[PDB]
$ cat upload16.cif   # mmCIF, C-alpha atoms
data_run
loop_
_atom_site.label_atom_id
_atom_site.label_comp_id
_atom_site.auth_asym_id
_atom_site.auth_seq_id
_atom_site.Cartn_x
_atom_site.Cartn_y
_atom_site.Cartn_z
CA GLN Q 27 -4.08 -15.74 -62.93
CA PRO Q 28 -0.27 -15.44 -62.96
CA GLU Q 29 0.45 -16.72 -59.45
CA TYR Q 30 -1.82 -19.68 -60.20
CA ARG Q 31 0.97 -20.74 -62.55
CA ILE Q 32 3.34 -20.30 -59.61
CA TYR Q 33 1.06 -22.52 -57.54
CA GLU Q 34 0.84 -25.13 -60.29
CA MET Q 35 4.63 -25.13 -60.17
CA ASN Q 36 4.62 -25.61 -56.39
CA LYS Q 37 2.54 -28.78 -56.86
CA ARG Q 38 4.80 -30.05 -59.64
CA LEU Q 39 7.95 -29.61 -57.54
CA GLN Q 40 6.33 -31.90 -54.96
CA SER Q 41 5.96 -34.59 -57.63
CA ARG Q 42 9.76 -34.64 -57.91
CA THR Q 43 11.20 -37.95 -56.79
CA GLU Q 44 14.75 -38.54 -55.65
CA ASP Q 45 15.08 -40.38 -58.99
CA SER Q 46 14.03 -37.52 -61.30
CA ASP Q 47 16.27 -37.67 -64.37
CA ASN Q 48 17.05 -34.78 -66.71
CA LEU Q 49 14.09 -35.89 -68.83
CA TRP Q 50 11.71 -35.00 -66.00
CA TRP Q 51 13.30 -31.60 -65.35
CA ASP Q 52 13.16 -30.73 -69.05
CA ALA Q 53 9.43 -31.49 -69.01
CA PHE Q 54 9.19 -29.31 -65.90
CA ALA Q 55 10.80 -26.31 -67.61
CA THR Q 56 8.90 -26.80 -70.87
CA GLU Q 57 5.68 -26.63 -68.84
CA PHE Q 58 6.39 -23.25 -67.21
CA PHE Q 59 9.20 -21.56 -69.20
CA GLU Q 60 9.17 -20.27 -72.77
CA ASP Q 61 11.75 -21.58 -75.23
CA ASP Q 62 13.62 -18.27 -74.84
CA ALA Q 63 13.33 -18.02 -71.06
CA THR Q 64 16.18 -16.62 -68.96
CA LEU Q 65 16.81 -16.96 -65.23
CA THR Q 66 18.75 -14.34 -63.26
CA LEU Q 67 19.97 -14.52 -59.65
CA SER Q 68 21.51 -11.55 -57.82
CA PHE Q 69 23.27 -11.81 -54.46
CA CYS Q 70 26.05 -10.22 -52.37
CA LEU Q 71 28.40 -13.03 -51.34
CA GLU Q 72 31.97 -11.87 -50.72
CA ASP Q 73 34.07 -11.15 -53.81
CA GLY Q 74 31.71 -8.27 -54.60
CA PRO Q 75 28.08 -7.97 -55.65
CA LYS Q 76 27.45 -10.48 -58.41
CA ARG Q 77 24.82 -11.31 -61.01
CA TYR Q 78 24.40 -14.52 -63.01
CA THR Q 79 22.11 -15.35 -65.93
CA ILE Q 80 21.29 -18.70 -67.54
CA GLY Q 81 19.29 -19.64 -70.62
CA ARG Q 82 16.44 -21.95 -71.45
CA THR Q 83 18.55 -25.11 -71.79
CA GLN Q 84 20.37 -24.29 -68.53
CA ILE Q 85 17.16 -23.75 -66.50
CA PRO Q 86 16.16 -27.42 -66.03
CA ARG Q 87 19.65 -28.00 -64.63
CA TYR Q 88 19.27 -25.08 -62.22
CA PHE Q 89 16.23 -26.49 -60.41
CA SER Q 90 17.93 -29.90 -60.53
CA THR Q 91 20.97 -28.66 -58.60
CA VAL Q 92 18.96 -27.26 -55.68
CA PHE Q 93 17.79 -30.79 -54.81
CA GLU Q 94 21.31 -32.23 -55.25
CA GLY Q 95 22.30 -31.84 -51.61
CA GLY Q 96 19.80 -33.61 -49.37
CA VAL Q 97 16.98 -31.18 -50.19
CA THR Q 98 13.63 -32.98 -50.20
CA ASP Q 99 11.18 -30.17 -51.03
CA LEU Q 100 11.16 -26.75 -52.68
CA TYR Q 101 8.30 -24.26 -52.78
CA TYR Q 102 7.89 -20.51 -53.17
CA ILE Q 103 5.94 -18.32 -50.75
CA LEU Q 104 4.77 -15.04 -52.30
CA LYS Q 105 3.84 -12.39 -49.74
CA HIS Q 106 2.40 -9.15 -51.14
CA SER Q 107 3.00 -9.75 -54.83
CA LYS Q 108 2.47 -6.69 -57.02
CA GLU Q 109 1.36 -7.52 -60.53
CA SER Q 110 1.50 -5.34 -63.63
CA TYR Q 111 0.16 -6.30 -67.06
CA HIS Q 112 1.01 -5.19 -70.54
CA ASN Q 113 -0.46 -5.87 -73.98
CA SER Q 114 1.67 -8.98 -74.45
CA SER Q 115 3.47 -9.33 -71.10
CA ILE Q 116 2.58 -9.93 -67.46
CA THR Q 117 5.01 -8.77 -64.77
CA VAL Q 118 4.75 -10.14 -61.22
CA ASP Q 119 6.72 -8.08 -58.70
CA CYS Q 120 6.93 -9.81 -55.30
CA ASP Q 121 9.11 -8.01 -52.77
CA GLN Q 122 8.44 -10.60 -50.02
CA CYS Q 123 9.33 -13.93 -51.65
CA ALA Q 124 10.90 -16.85 -49.78
CA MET Q 125 12.58 -19.77 -51.55
CA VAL Q 126 12.06 -22.57 -49.01
CA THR Q 127 14.16 -25.74 -49.26
CA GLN Q 128 13.53 -28.48 -46.69
CA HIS Q 129 16.57 -30.69 -46.14
CA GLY Q 130 16.67 -34.30 -44.96
CA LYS Q 131 18.97 -36.40 -42.80
CA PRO Q 132 20.94 -35.84 -40.71
CA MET Q 133 19.53 -32.45 -39.61
CA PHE Q 134 16.19 -31.64 -41.25
CA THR Q 135 17.20 -28.00 -41.64
CA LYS Q 136 14.65 -25.66 -43.23
CA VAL Q 137 16.14 -22.75 -45.18
CA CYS Q 138 14.07 -19.63 -45.93
CA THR Q 139 15.85 -17.74 -48.73
CA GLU Q 140 14.08 -14.37 -48.73
CA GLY Q 141 14.34 -11.69 -51.37
CA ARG Q 142 12.66 -9.92 -54.26
CA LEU Q 143 11.42 -11.98 -57.21
CA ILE Q 144 10.39 -10.52 -60.57
CA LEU Q 145 8.68 -12.59 -63.26
CA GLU Q 146 7.67 -11.57 -66.79
CA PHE Q 147 4.86 -13.80 -68.06
CA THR Q 148 3.66 -14.21 -71.63
CA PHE Q 149 0.04 -13.19 -72.28
CA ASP Q 150 -0.78 -16.50 -74.02
CA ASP Q 151 -2.67 -19.63 -72.95
CA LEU Q 152 0.56 -21.35 -71.94
CA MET Q 153 1.46 -18.22 -69.92
CA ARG Q 154 5.03 -19.39 -69.40
CA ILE Q 155 7.86 -17.52 -67.72
CA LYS Q 156 10.08 -15.49 -70.03
CA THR Q 157 12.25 -13.74 -67.38
CA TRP Q 158 13.11 -14.94 -63.86
CA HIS Q 159 14.93 -12.43 -61.64
CA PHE Q 160 15.36 -13.28 -57.95
CA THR Q 161 17.32 -10.72 -55.92
CA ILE Q 162 18.51 -12.19 -52.61
CA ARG Q 163 18.64 -10.03 -49.48
CA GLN Q 164 18.89 -12.56 -46.66
CA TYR Q 165 18.33 -16.19 -45.70
CA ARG Q 166 16.74 -17.56 -42.53
CA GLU Q 167 17.67 -21.05 -41.35
CA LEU Q 168 15.53 -23.09 -38.95
CA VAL Q 169 16.23 -26.38 -37.16
CA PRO Q 170 13.43 -28.64 -35.87
CA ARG Q 171 13.18 -28.73 -32.08
CA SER Q 172 13.42 -32.53 -32.24
CA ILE Q 173 16.97 -32.28 -33.61
CA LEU Q 174 17.97 -29.96 -30.77
CA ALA Q 175 16.93 -32.72 -28.33
CA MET Q 176 18.59 -35.85 -29.76
CA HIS Q 177 21.44 -34.05 -31.51
CA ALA Q 178 23.35 -31.38 -29.61
CA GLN Q 179 21.55 -32.45 -26.44
CA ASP Q 180 22.48 -29.14 -24.86
CA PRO Q 181 25.95 -27.53 -24.93
CA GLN Q 182 27.87 -29.71 -27.39
CA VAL Q 183 28.24 -29.95 -31.20
CA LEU Q 184 26.58 -26.52 -31.33
CA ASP Q 185 29.10 -25.37 -33.94
CA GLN Q 186 27.33 -27.58 -36.46
CA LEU Q 187 24.05 -26.15 -35.15
CA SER Q 188 25.37 -22.57 -35.01
CA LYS Q 189 27.07 -22.59 -38.41
CA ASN Q 190 24.98 -22.35 -41.56
CA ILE Q 191 24.89 -25.14 -44.14
CA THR Q 192 23.88 -22.93 -47.08
CA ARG Q 193 25.42 -19.78 -48.55
CA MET Q 194 23.19 -16.72 -48.96
CA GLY Q 195 20.21 -19.08 -49.22
CA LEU Q 196 21.63 -21.29 -51.98
CA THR Q 197 23.48 -24.51 -51.11
CA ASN Q 198 27.14 -25.39 -51.80
CA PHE Q 199 26.07 -27.41 -54.88
CA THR Q 200 24.53 -24.53 -56.87
CA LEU Q 201 27.56 -22.18 -57.01
CA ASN Q 202 30.25 -24.12 -58.88
CA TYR Q 203 27.62 -24.87 -61.52
CA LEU Q 204 26.67 -21.18 -61.81
CA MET F 25 -13.01 -24.50 -65.13
CA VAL F 26 -10.56 -24.18 -62.23
CA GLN F 27 -8.88 -26.55 -59.76
CA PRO F 28 -10.21 -26.51 -56.17
CA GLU F 29 -6.90 -26.52 -54.28
CA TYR F 30 -6.20 -23.17 -55.95
CA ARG F 31 -8.68 -21.77 -53.42
CA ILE F 32 -6.19 -22.69 -50.68
CA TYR F 33 -3.59 -20.54 -52.42
CA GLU F 34 -6.09 -17.70 -52.86
CA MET F 35 -6.80 -18.12 -49.14
CA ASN F 36 -3.09 -18.20 -48.34
CA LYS F 37 -2.72 -14.95 -50.28
CA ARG F 38 -5.13 -13.03 -48.05
CA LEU F 39 -3.91 -14.47 -44.74
CA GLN F 40 -0.56 -12.77 -45.36
CA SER F 41 -2.38 -9.65 -46.66
CA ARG F 42 -3.54 -9.03 -43.07
CA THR F 43 -2.88 -5.96 -40.92
CA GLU F 44 -1.75 -6.07 -37.28
CA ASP F 45 -5.14 -4.70 -36.11
CA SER F 46 -7.62 -6.69 -38.20
CA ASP F 47 -11.16 -6.07 -37.02
CA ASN F 48 -13.79 -8.80 -37.15
CA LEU F 49 -15.50 -7.17 -40.14
CA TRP F 50 -12.44 -8.01 -42.25
CA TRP F 51 -12.39 -11.61 -41.03
CA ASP F 52 -16.12 -11.88 -41.75
CA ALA F 53 -15.48 -10.68 -45.30
CA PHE F 54 -12.69 -13.27 -45.47
CA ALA F 55 -15.03 -16.06 -44.33
CA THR F 56 -17.98 -15.21 -46.60
CA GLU F 57 -15.53 -15.10 -49.53
CA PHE F 58 -14.25 -18.67 -49.04
CA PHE F 59 -16.96 -20.37 -46.93
CA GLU F 60 -20.62 -21.03 -47.62
CA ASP F 61 -23.15 -19.41 -45.31
CA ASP F 62 -23.77 -22.89 -43.84
CA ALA F 63 -20.11 -23.93 -43.68
CA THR F 64 -18.71 -26.08 -40.87
CA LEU F 65 -15.14 -26.35 -39.59
CA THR F 66 -13.88 -29.47 -37.80
CA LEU F 67 -10.63 -30.20 -35.98
CA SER F 68 -9.80 -33.79 -35.00
CA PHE F 69 -6.83 -34.86 -32.89
CA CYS F 70 -5.79 -37.41 -30.27
CA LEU F 71 -4.46 -35.33 -27.38
CA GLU F 72 -5.54 -36.51 -23.89
CA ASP F 73 -5.96 -40.28 -23.73
CA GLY F 74 -8.37 -40.34 -26.73
CA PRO F 75 -9.92 -38.60 -29.74
CA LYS F 76 -10.96 -34.94 -29.50
CA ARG F 77 -13.13 -33.72 -32.40
CA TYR F 78 -14.38 -30.13 -32.44
CA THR F 79 -16.82 -28.49 -34.85
CA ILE F 80 -17.86 -24.86 -35.29
CA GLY F 81 -20.23 -23.18 -37.72
CA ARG F 82 -20.09 -20.39 -40.27
CA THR F 83 -20.51 -17.57 -37.75
CA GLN F 84 -17.56 -18.75 -35.62
CA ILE F 85 -15.16 -19.59 -38.48
CA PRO F 86 -13.70 -16.07 -38.93
CA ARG F 87 -13.16 -15.94 -35.16
CA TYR F 88 -11.17 -19.17 -35.29
CA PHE F 89 -8.61 -17.62 -37.64
CA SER F 90 -8.51 -14.55 -35.39
CA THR F 91 -7.29 -16.69 -32.50
CA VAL F 92 -4.30 -17.91 -34.52
CA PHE F 93 -2.71 -14.47 -34.83
CA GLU F 94 -3.49 -13.39 -31.25
CA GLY F 95 -0.91 -15.78 -29.80
CA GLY F 96 2.04 -13.78 -31.06
CA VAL F 97 1.71 -15.34 -34.51
CA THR F 98 2.64 -13.01 -37.37
CA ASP F 99 1.93 -15.29 -40.37
CA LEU F 100 -0.22 -18.30 -41.26
CA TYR F 101 -0.34 -20.37 -44.46
CA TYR F 102 -1.29 -23.91 -45.49
CA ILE F 103 0.77 -26.35 -47.58
CA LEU F 104 -1.20 -29.01 -49.48
CA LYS F 105 1.29 -31.55 -50.86
CA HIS F 106 -0.19 -34.57 -52.67
CA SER F 107 -3.78 -33.37 -52.70
CA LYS F 108 -6.46 -35.76 -53.96
CA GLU F 109 -9.51 -33.91 -55.30
CA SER F 110 -12.91 -35.38 -56.18
CA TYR F 111 -15.68 -34.08 -58.43
CA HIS F 112 -19.40 -34.89 -58.08
CA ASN F 113 -22.70 -33.38 -59.19
CA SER F 114 -22.82 -30.67 -56.50
CA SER F 115 -19.73 -31.26 -54.36
CA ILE F 116 -15.94 -31.07 -54.72
CA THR F 117 -13.92 -32.77 -51.98
CA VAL F 118 -10.17 -32.27 -51.50
CA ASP F 119 -8.35 -34.94 -49.48
CA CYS F 120 -4.79 -33.93 -48.56
CA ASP F 121 -3.32 -36.38 -46.06
CA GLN F 122 0.02 -34.54 -46.05
CA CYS F 123 -0.90 -30.99 -45.03
CA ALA F 124 1.08 -28.58 -42.84
CA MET F 125 -0.52 -25.62 -41.07
CA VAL F 126 2.49 -23.29 -40.79
CA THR F 127 2.28 -20.50 -38.20
CA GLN F 128 5.14 -18.03 -37.70
CA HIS F 129 5.44 -16.40 -34.28
CA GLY F 130 7.10 -13.10 -33.45
CA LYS F 131 9.39 -11.88 -30.70
CA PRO F 132 11.43 -13.01 -28.81
CA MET F 133 12.29 -16.38 -30.47
CA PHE F 134 10.40 -16.32 -33.82
CA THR F 135 9.35 -19.97 -33.77
CA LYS F 136 7.75 -21.62 -36.81
CA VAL F 137 5.02 -24.15 -35.97
CA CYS F 138 4.16 -26.80 -38.57
CA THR F 139 0.84 -28.37 -37.53
CA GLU F 140 0.82 -31.43 -39.79
CA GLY F 141 -2.06 -33.78 -40.42
CA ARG F 142 -4.84 -34.90 -42.74
CA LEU F 143 -7.05 -32.22 -44.31
CA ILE F 144 -10.43 -32.74 -46.00
CA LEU F 145 -12.40 -29.90 -47.60
CA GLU F 146 -15.80 -30.05 -49.33
CA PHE F 147 -16.22 -27.32 -51.96
CA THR F 148 -19.50 -26.36 -53.62
CA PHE F 149 -19.68 -27.15 -57.34
CA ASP F 150 -21.11 -23.72 -58.24
CA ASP F 151 -19.45 -20.68 -59.82
CA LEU F 152 -17.68 -19.71 -56.59
CA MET F 153 -16.33 -22.98 -55.12
CA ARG F 154 -16.68 -21.90 -51.50
CA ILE F 155 -16.00 -24.28 -48.63
CA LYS F 156 -18.89 -26.27 -47.17
CA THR F 157 -16.98 -28.55 -44.78
CA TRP F 158 -13.51 -28.06 -43.28
CA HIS F 159 -12.18 -31.12 -41.43
CA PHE F 160 -8.55 -31.05 -40.29
CA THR F 161 -7.30 -34.16 -38.50
CA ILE F 162 -3.98 -33.47 -36.78
CA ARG F 163 -1.30 -36.18 -36.58
CA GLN F 164 1.95 -34.46 -35.54
CA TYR F 165 3.48 -31.02 -35.07
CA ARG F 166 7.07 -29.81 -35.51
CA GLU F 167 8.54 -26.59 -34.12
CA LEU F 168 11.56 -24.97 -35.78
CA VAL F 169 13.91 -22.45 -34.16
CA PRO F 170 16.09 -19.98 -36.11
CA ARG F 171 19.79 -20.77 -35.97
CA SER F 172 20.33 -17.09 -35.13
CA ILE F 173 18.54 -17.57 -31.81
CA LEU F 174 20.72 -20.65 -31.29
CA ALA F 175 23.78 -18.51 -32.12
CA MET F 176 23.47 -15.56 -29.74
CA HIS F 177 21.48 -17.56 -27.17
CA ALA F 178 23.85 -20.44 -27.98
CA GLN F 179 25.52 -20.36 -24.58
CA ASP F 180 23.81 -21.42 -21.38
CA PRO F 181 22.12 -24.82 -21.78
CA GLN F 182 18.89 -23.75 -20.07
CA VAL F 183 17.72 -21.84 -23.13
CA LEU F 184 18.92 -24.87 -25.08
CA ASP F 185 16.59 -26.85 -22.81
CA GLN F 186 13.76 -24.38 -23.48
CA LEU F 187 14.73 -24.59 -27.16
CA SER F 188 13.87 -28.30 -26.79
CA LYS F 189 10.59 -27.64 -24.92
CA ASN F 190 7.70 -26.69 -27.19
CA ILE F 191 5.59 -23.55 -26.90
CA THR F 192 2.47 -25.03 -28.53
CA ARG F 193 0.28 -28.03 -27.71
CA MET F 194 -0.38 -30.43 -30.62
CA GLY F 195 0.26 -27.63 -33.11
CA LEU F 196 -2.30 -25.08 -31.95
CA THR F 197 -1.09 -22.30 -29.69
CA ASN F 198 -2.15 -21.66 -26.09
CA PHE F 199 -4.75 -19.15 -27.33
CA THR F 200 -6.81 -21.15 -29.87
CA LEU F 201 -7.66 -24.09 -27.58
CA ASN F 202 -9.33 -22.23 -24.70
CA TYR F 203 -11.66 -20.87 -27.41
CA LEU F 204 -12.16 -24.33 -28.94
CA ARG F 205 -13.01 -26.10 -25.67
#
$ encode --input "upload16.cif" --output "structure tokens"
Amino acid sequence: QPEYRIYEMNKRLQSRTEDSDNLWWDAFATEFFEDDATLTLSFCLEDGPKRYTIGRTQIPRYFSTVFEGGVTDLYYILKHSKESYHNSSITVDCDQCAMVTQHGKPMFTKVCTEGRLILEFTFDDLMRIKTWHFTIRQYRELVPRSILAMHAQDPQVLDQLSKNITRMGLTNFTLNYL
Amino acid sequence: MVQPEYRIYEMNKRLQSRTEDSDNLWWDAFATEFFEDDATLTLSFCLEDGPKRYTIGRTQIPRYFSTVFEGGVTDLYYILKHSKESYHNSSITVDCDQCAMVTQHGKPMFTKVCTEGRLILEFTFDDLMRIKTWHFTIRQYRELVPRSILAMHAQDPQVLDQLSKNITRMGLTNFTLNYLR
């Protein structure tokens, strides 16, 4: 099953320690991405609609940068994923995907980066990703109710709690690298 | 030749593949597809002054998941981080001490409820791997509020006081406990 590979990846991301070197991320990409894999992200920030694409050797560094900002966990939620097979390719079209990154101290903010995700899988036993396209539409940010009690209390320092920490779902550490 | 916790993902896949008017026949087909005909579901927590353990059988399991969405909840999925499995001759047990039952509510505030706790599941070691025992011990629960609600409803500290007062009780909503008791 294709999404079973996506689940196996969700468990491996949870085995990521705060001391995961580049050697661990390379083993992470080699386990799910083909040697010729490419990753594409599309968003609409502010200078005009953009589109970036990285290669196989730049993929392990991409998933490394998402955690380089207080992010403790990363998993993908796939609502209503439409598959489509070929003779030697498996395409997974999920229009309701949410890249969830859970942050840590000081405010355990949860970010739900929603958008469309397309994946082309190889029809082998490794069944690794050959193409990763994630089109971003929106991002939903949530703050634990505990933080709204100790921090903010009520009317004050709401500008930190009313202003977003991420940009179009992705943090401020994954744009200068792109 | 397949890992048991994959059943939780296959279960998570159908919970979101649910319509707004799901009859009980669809929930019964959902239960027979993941639970044995003699399955049992257990919830353990420490609410009042002491332990409260509940247990229902196969015929009431699909109705338990019906109560989750009838409290304004629009989505429900389970996260199993650091899951310890266990194979035997005719049983497969999955012990996940760090599980989060995530329930997303709807209007007006769109609160996300993370009912966290220890989860144990006993799977049958046959060619279906359906659940025989579901025991979910609850330890904590966190509620998360969208920053958008805190932006427009930012003013006026009384919503900011209600945004610090929880809507659920120990993770489960006010509609799935009157049915449990």
$ closest_residue --input "upload16.cif" --among "Q:185, Q:90, Q:121, Q:104" --to "residue Q:30" --atoms "only C-alpha atoms"
Q:104
$ interface_residues --input "upload16.cif" --of "chain F" --to "chain Q" --cutoff "7 Å" --atoms "only C-alpha atoms" --output "PyMOL selection string"
chain F and resi 40-41+105+166-171+174-175+181+184-185+187-188
$ residues_around --input "upload16.cif" --residues "residue F:191" --least-positions-apart "4" --cutoff "12 Å" --atoms "all atoms listed in the file" --output "ChimeraX atom specification"
/Q:171 /F:95-97,129,133-137,165-169,186-187,195-199
$ write_last_selection --input "upload16.cif" --atoms "C-alpha atoms" --output "PDB file, in the frame of the given file"
ATOM      1  CA  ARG Q 171      13.180 -28.730 -32.080  1.00  0.00           C
TER       2      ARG Q 171
ATOM      3  CA  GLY F  95      -0.910 -15.780 -29.800  1.00  0.00           C
ATOM      4  CA  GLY F  96       2.040 -13.780 -31.060  1.00  0.00           C
ATOM      5  CA  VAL F  97       1.710 -15.340 -34.510  1.00  0.00           C
ATOM      6  CA  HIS F 129       5.440 -16.400 -34.280  1.00  0.00           C
ATOM      7  CA  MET F 133      12.290 -16.380 -30.470  1.00  0.00           C
ATOM      8  CA  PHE F 134      10.400 -16.320 -33.820  1.00  0.00           C
ATOM      9  CA  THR F 135       9.350 -19.970 -33.770  1.00  0.00           C
ATOM     10  CA  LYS F 136       7.750 -21.620 -36.810  1.00  0.00           C
ATOM     11  CA  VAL F 137       5.020 -24.150 -35.970  1.00  0.00           C
ATOM     12  CA  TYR F 165       3.480 -31.020 -35.070  1.00  0.00           C
ATOM     13  CA  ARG F 166       7.070 -29.810 -35.510  1.00  0.00           C
ATOM     14  CA  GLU F 167       8.540 -26.590 -34.120  1.00  0.00           C
ATOM     15  CA  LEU F 168      11.560 -24.970 -35.780  1.00  0.00           C
ATOM     16  CA  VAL F 169      13.910 -22.450 -34.160  1.00  0.00           C
ATOM     17  CA  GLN F 186      13.760 -24.380 -23.480  1.00  0.00           C
ATOM     18  CA  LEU F 187      14.730 -24.590 -27.160  1.00  0.00           C
ATOM     19  CA  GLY F 195       0.260 -27.630 -33.110  1.00  0.00           C
ATOM     20  CA  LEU F 196      -2.300 -25.080 -31.950  1.00  0.00           C
ATOM     21  CA  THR F 197      -1.090 -22.300 -29.690  1.00  0.00           C
ATOM     22  CA  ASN F 198      -2.150 -21.660 -26.090  1.00  0.00           C
ATOM     23  CA  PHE F 199      -4.750 -19.150 -27.330  1.00  0.00           C
TER      24      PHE F 199
END
$ atom_distance --input "upload16.cif" --atom1 "atom CA of residue Q:92" --atom2 "atom CA of residue Q:47"
13.8 Å
$ residues_near_point --input "upload16.cif" --point "(-16.9, -28.8, -54.8)" --cutoff "7 Å" --atoms "only C-alpha atoms" --output "count of residues only"
10
$ resolve_selection --input "upload16.cif" --expression "the PyMOL selection byres ((chain Q and resi 62-75) around 12)" --output "NGL selection string"
:Q and (55-61 or 76-89 or 139-148 or 153-165 or 192-196 or 200-201 or 204)
$ write_last_selection --input "upload16.cif" --atoms "C-alpha atoms" --output "compact mmCIF listing (two decimals), in the frame of the given file"
# COMPACT_ATOMS: atom_id res chain seq x y z
CA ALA Q 55 10.80 -26.31 -67.61
CA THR Q 56 8.90 -26.80 -70.87
CA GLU Q 57 5.68 -26.63 -68.84
CA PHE Q 58 6.39 -23.25 -67.21
CA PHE Q 59 9.20 -21.56 -69.20
CA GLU Q 60 9.17 -20.27 -72.77
CA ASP Q 61 11.75 -21.58 -75.23
CA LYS Q 76 27.45 -10.48 -58.41
CA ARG Q 77 24.82 -11.31 -61.01
CA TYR Q 78 24.40 -14.52 -63.01
CA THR Q 79 22.11 -15.35 -65.93
CA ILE Q 80 21.29 -18.70 -67.54
CA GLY Q 81 19.29 -19.64 -70.62
CA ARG Q 82 16.44 -21.95 -71.45
CA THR Q 83 18.55 -25.11 -71.79
CA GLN Q 84 20.37 -24.29 -68.53
CA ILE Q 85 17.16 -23.75 -66.50
CA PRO Q 86 16.16 -27.42 -66.03
CA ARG Q 87 19.65 -28.00 -64.63
CA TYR Q 88 19.27 -25.08 -62.22
CA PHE Q 89 16.23 -26.49 -60.41
CA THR Q 139 15.85 -17.74 -48.73
CA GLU Q 140 14.08 -14.37 -48.73
CA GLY Q 141 14.34 -11.69 -51.37
CA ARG Q 142 12.66 -9.92 -54.26
CA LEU Q 143 11.42 -11.98 -57.21
CA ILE Q 144 10.39 -10.52 -60.57
CA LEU Q 145 8.68 -12.59 -63.26
CA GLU Q 146 7.67 -11.57 -66.79
CA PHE Q 147 4.86 -13.80 -68.06
CA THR Q 148 3.66 -14.21 -71.63
CA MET Q 153 1.46 -18.22 -69.92
CA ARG Q 154 5.03 -19.39 -69.40
CA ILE Q 155 7.86 -17.52 -67.72
CA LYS Q 156 10.08 -15.49 -70.03
CA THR Q 157 12.25 -13.74 -67.38
CA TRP Q 158 13.11 -14.94 -63.86
CA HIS Q 159 14.93 -12.43 -61.64
CA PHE Q 160 15.36 -13.28 -57.95
CA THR Q 161 17.32 -10.72 -55.92
CA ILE Q 162 18.51 -12.19 -52.61
CA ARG Q 163 18.64 -10.03 -49.48
CA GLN Q 164 18.89 -12.56 -46.66
CA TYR Q 165 18.33 -16.19 -45.70
CA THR Q 192 23.88 -22.93 -47.08
CA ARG Q 193 25.42 -19.78 -48.55
CA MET Q 194 23.19 -16.72 -48.96
CA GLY Q 195 20.21 -19.08 -49.22
CA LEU Q 196 21.63 -21.29 -51.98
CA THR Q 200 24.53 -24.53 -56.87
CA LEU Q 201 27.56 -22.18 -57.01
CA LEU Q 204 26.67 -21.18 -61.81
$ residues_around --input "upload16.cif" --residues "residue F:42" --least-positions-apart "5" --cutoff "12 Å" --atoms "only C-alpha atoms" --output "PDB file with C-alpha atoms, in the coordinates of the input"
ATOM      1  CA  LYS Q 105       3.840 -12.390 -49.740  1.00  0.00           C
ATOM      2  CA  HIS Q 106       2.400  -9.150 -51.140  1.00  0.00           C
TER       3      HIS Q 106
ATOM      4  CA  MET F  35      -6.800 -18.120 -49.140  1.00  0.00           C
ATOM      5  CA  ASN F  36      -3.090 -18.200 -48.340  1.00  0.00           C
ATOM      6  CA  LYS F  37      -2.720 -14.950 -50.280  1.00  0.00           C
ATOM      7  CA  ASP F  47     -11.160  -6.070 -37.020  1.00  0.00           C
ATOM      8  CA  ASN F  48     -13.790  -8.800 -37.150  1.00  0.00           C
ATOM      9  CA  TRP F  50     -12.440  -8.010 -42.250  1.00  0.00           C
ATOM     10  CA  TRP F  51     -12.390 -11.610 -41.030  1.00  0.00           C
ATOM     11  CA  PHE F  54     -12.690 -13.270 -45.470  1.00  0.00           C
ATOM     12  CA  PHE F  89      -8.610 -17.620 -37.640  1.00  0.00           C
ATOM     13  CA  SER F  90      -8.510 -14.550 -35.390  1.00  0.00           C
ATOM     14  CA  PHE F  93      -2.710 -14.470 -34.830  1.00  0.00           C
ATOM     15  CA  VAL F  97       1.710 -15.340 -34.510  1.00  0.00           C
ATOM     16  CA  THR F  98       2.640 -13.010 -37.370  1.00  0.00           C
ATOM     17  CA  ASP F  99       1.930 -15.290 -40.370  1.00  0.00           C
ATOM     18  CA  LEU F 100      -0.220 -18.300 -41.260  1.00  0.00           C
ATOM     19  CA  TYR F 101      -0.340 -20.370 -44.460  1.00  0.00           C
TER      20      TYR F 101
END
$ atom_distance --input "upload16.cif" --atom1 "atom CA of residue F:78" --atom2 "atom CA of residue F:202"
12.2 Å
$ atom_distance --input "upload16.cif" --atom1 "atom CA of residue Q:46" --atom2 "atom CA of residue Q:94"
10.8 Å
$ residues_around --input "upload16.cif" --residues "stretch 64-71 of chain F" --least-positions-apart "5" --cutoff "10 Å" --atoms "only C-alpha atoms" --output "JSON, numbers by chain"
{"F": [59, 76, 77, 78, 79, 80, 81, 82, 83, 84, 85, 88, 141, 142, 143, 144, 145, 146, 155, 156, 157, 158, 159, 160, 161, 162, 163, 164, 193, 194, 204]}
$ closest_residue --input "upload16.cif" --among "Q:149, Q:50, Q:111, Q:203" --to "residue Q:91" --atoms "all atoms listed in the file"
Q:203
$ build_atoms --input "upload16.cif" --residues "stretch 164-168 of chain Q" --atoms "N, CA and C atoms" --output "JSON list (two decimals), in the frame of the given file"
[["chain", "number", "residue", "atom", "x", "y", "z"],
["Q", 164, "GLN", "N", 18.54, -11.84, -47.86],
["Q", 164, "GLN", "CA", 18.89, -12.56, -46.66],
["Q", 164, "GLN", "C", 18.43, -14.01, -46.79],
["Q", 165, "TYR", "N", 18.78, -14.81, -45.80],
["Q", 165, "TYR", "CA", 18.33, -16.19, -45.70],
["Q", 165, "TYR", "C", 18.17, -16.54, -44.23],
["Q", 166, "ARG", "N", 17.04, -17.14, -43.90],
["Q", 166, "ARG", "CA", 16.74, -17.56, -42.53],
["Q", 166, "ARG", "C", 16.78, -19.07, -42.49],
["Q", 167, "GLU", "N", 17.52, -19.62, -41.53],
["Q", 167, "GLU", "CA", 17.67, -21.05, -41.35],
["Q", 167, "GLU", "C", 17.03, -21.49, -40.04],
["Q", 168, "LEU", "N", 16.25, -22.56, -40.10],
["Q", 168, "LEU", "CA", 15.53, -23.09, -38.95],
["Q", 168, "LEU", "C", 15.80, -24.57, -38.76]]
